[PDB]
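As a starting point, one isolated chain is supplied in structure tokens, in the form deposited in one PDB entry.
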């Protein structure tokens, strides 16, 4: 058994891990005037993809309540185009390259080896697989 104990540890560690990751991203994203979730949205929208807000909200796990305002924000900064069909603008498709360099930096700060990273990846792929 001990599911109570394992559960508590998973609870804690997933919570702490996301907080530490997010915090480090916030630092790098400030220079682009973007939040963690806005960054996630921009990377989750493949270049030249015409998605409807509902489908986007399913991919990035965001309810319309937070998504709608987020899209408005990315609307003015002019990174996405709300015609509801959503897509990346030209300057929007642009930043996806330098933003793509930021995750490498954030995850290096945790200073884990390539093997450890690969093991974590394999564990999470399994944990999430069946949702």
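Residue numbers count along the first chain shown, from 1. The term rigid core refers to the most C-alpha atoms you can superpose between the two forms while keeping them within 1.5 Å.
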Sequence continuity check, residue 83 and residue 84 (deposited residues unmodelled): 4 to 9
Between 95-103 and 42-50, which has the larger average Cα B-factor in the PDB entry? 42-50
Assert higher mean C-alpha B factor (85-93 or 25-33, deposited values) equals 85-93
Could you tell me which third, lowest, middle or highest, the C-alpha B-factor of residue 129 occupies within its chain? middle
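Here the subject shifts to the form deposited in another entry, a form of this protein not shown in this document.
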Superposing the core, which one of 101, 58, 33, 46 shows a C-alpha shift reaching 2 Å or more between this form and the one not shown? 46
Look at residue 19 and decide if its Cα position differs by 2 Å or more between this form and the one not shown after superposing on the rigid core. no
For residue 113, state whether the C-alpha moves by 2 Å or more between this form and the one not shown after rigid core superposition. yes
